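Novice: part one of the complex, untouched from its place in the assembly:
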Amino acid sequence: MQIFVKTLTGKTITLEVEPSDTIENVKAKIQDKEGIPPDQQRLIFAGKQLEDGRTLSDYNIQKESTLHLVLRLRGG
């Protein structure tokens, strides 16, 4: 299926994925298309920060859903 990933600016990425794909898989896809490494990526859906090892279906992300992509900064 197809999903969308948008930065807050509105720049849209289109990804082909499977419901069983993990959030990490999506992150690697964003890296493939955008050069943005996974550790710099925070993905948000339904107001929730998406966890790497959990799947798209787990979060009920469906055909043509849109995730937001947010930059993840260093802490300590």
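Specialist: Right, received. Where do you want to start? Residues are numbered from 1 along each chain as shown, chains lettered A, B, ... in the order given.

Novice: Please list all residues in contact with residue A:16.
Specialist: By C-beta atoms under 8 Å, 6 or more residues apart in numbering, the contact set of residue A:16 is A:1, A:2. Where you see a C-beta, it was placed from the backbone N, CA and C, and this is true even at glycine.

Novice: partners of it in the sheet?
Specialist: residue A:2 (DSSP bridges).

Novice: Give me the distance between it and residue A:42.
Specialist: 22 Å (C-beta to C-beta, to the nearest Å).

Novice: distance of the residue of chain A most remote from its centre from residue A:56?
Specialist: Distance from the C-alpha centroid of chain A peaks at residue A:76, with 24.1 Å (C-alpha atoms, centre = their mean). Separation of residue A:76 from residue A:56 (C-beta to C-beta) stands at 31 Å.

Novice: now the helices: where do they sit in chain A?
Specialist: A:23-34 (DSSP state H).

Novice: let's bring in chain B now:
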Amino acid sequence: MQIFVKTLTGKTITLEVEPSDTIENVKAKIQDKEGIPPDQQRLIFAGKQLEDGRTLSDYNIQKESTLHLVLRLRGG
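Specialist: Let me put chain B in with the others:
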């Protein structure tokens, strides 16, 4: 099977692939041989920009076929 990947300059990458490999697989092989990240890679065949999720058979890429590899720049 074997395929070729050429920059517009003529420089040739020879790859060992399967028809079920995806375009992303091929990009990864190109990274493996040339150090060029997938996100900087645009592959072209039959006039068409090749999509990461599609397979070589999907685009009728057969043995000894040549893809063109082109630099993808930052935009929006």
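
Novice: ok chain B is in now, so what about the contacts of residue A:16?
Specialist: Listed by C-beta atoms under 8 Å, 6 or more residues apart in numbering or on different chains, the contact set of residue A:16 reads A:1, A:2, B:51, B:52, B:53.

Novice: residue of chain A with the smallest distance to chain B?
Specialist: Per C-beta to the nearest C-beta, residue A:16 is where chain A lies closest to chain B, at 3.5 Å.

Novice: mind checking how far that residue is from residue A:65?
Specialist: In terms of C-beta to C-beta, residue A:16 sits 13 Å off from residue A:65.

Novice: Check residue A:75 too.
Specialist: 29 Å.

Novice: So these two - more neighbours on which side?
Specialist: residue A:65 (17 against 4; other C-beta atoms under 10 Å in any protein chain shown).

Novice: ok, that one touching residue A:3?
Specialist: Yes - if you go by C-beta atoms under 8 Å, residue A:65 and residue A:3 touch, sitting 5.2 Å apart.

Novice: hang on, isn't residue A:27 packed against residue A:52?
Specialist: Yes - Residue A:27 is within contact range of residue A:52, at 7.2 Å (criterion: C-beta under 8 Å).

Novice: now for chain C:
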Amino acid sequence: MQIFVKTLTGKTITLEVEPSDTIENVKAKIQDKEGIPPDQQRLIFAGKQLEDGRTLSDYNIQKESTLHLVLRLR
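Specialist: Just below you will find chain C, in place on the chains above:
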């Protein structure tokens, strides 16, 4: 299962893994979450430097276990 990875400062990383995951798999997950390339990671558990090709179960790393992550130099 869940495991923790901590630097010597105490900074804590939480990872979802399988007992059949290799030590290299774990380093790949650390890279995923922290951007530290596997070659720069040394992982230690039970005093032992952890070998890449061995599994978590090979080392009897169980759930809620903690590993130490240390910087590996040239």
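
Novice: again for the contacts of residue A:16, since chain C is there now?
Specialist: So residue A:16 contacts A:1, A:2, B:51, B:52, B:53 (C-beta under 8 Å, 6+ apart).

Novice: Neighbours of the spatially closest residue to residue A:70 that is not a sequence neighbour, how many?
Specialist: Among residues not flanking residue A:70 along the chain, residue A:42 sits closest, at 4.3 Å (C-beta to C-beta, 6 or more residues apart in numbering or on different chains). Applying other C-beta under 10 Å, we find 14 other residues in the vicinity of residue A:42.

Novice: Please look at residue A:42 and residue A:69 and confirm they touch.
Specialist: Yes - judged on C-beta under 8 Å, residue A:42 makes contact with residue A:69 at a distance of 7.3 Å.

Novice: Can you work out which residues contact both of those two?
Specialist: Listed as contacting both residue A:42 and residue A:69 by C-beta under 8 Å, 6+ apart is no residue at all.

Novice: Closest to chain C out of the contacts of residue A:16?
Specialist: Distances from chain C to the contacts of residue A:16, taken by C-beta to the nearest C-beta, are shortest for residue B:52, at 19.5 Å.
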